[PDB]
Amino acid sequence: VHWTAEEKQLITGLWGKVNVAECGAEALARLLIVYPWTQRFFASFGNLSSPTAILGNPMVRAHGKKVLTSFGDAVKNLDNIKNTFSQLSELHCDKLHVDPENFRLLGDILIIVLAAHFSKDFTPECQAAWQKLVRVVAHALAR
């Protein structure tokens, strides 16, 4: 819960170059295809029968964007993340019953998405700062 100047920098800087919509769709899409059991929470999305159907699915793509957009809320509230994700916690936990292990799984995927989109610019130091952010957001959601 101790954010260093270096970390905040690494996080903010990179965030500014993120294509929220494209990365969000890729993160959510990858989640559903790499960890299939997660599809059961998204039945109202329609066709999720193949990676192809999932990638092209309008709601997956539009949902992913909403997901990454909230991460952006964490990016500009790093010291007040818990308070920021309280409501979302209730939703995922009370209303939806999403096991927390899944939150971590999405974070890991997001990290792999950012890496494929920034290549070498995604330095080990950068990875470490993002992996920390992801871990913090996952814990904020599992309150």
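Counting begins at 1, following the sequence as shown.
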Between 110 to 118 and 65 to 73, point out the one with the higher average CA B-factor as the PDB entry records it. 65 to 73
Report the stretch with the higher mean CA temperature factor, choosing between 49 to 57 and 36 to 44 on the basis of the entry. 49 to 57
Residue, from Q131, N19, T12, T123, that the PDB entry assigns the highest Cα B-factor: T123
Split into thirds by Cα B-factor across the chain's modelled residues, where does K95 land: lowest, middle or highest? highest
Among the modelled residues of this chain, does the Cα B factor of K82 put it in the lowest, middle or highest third? highest
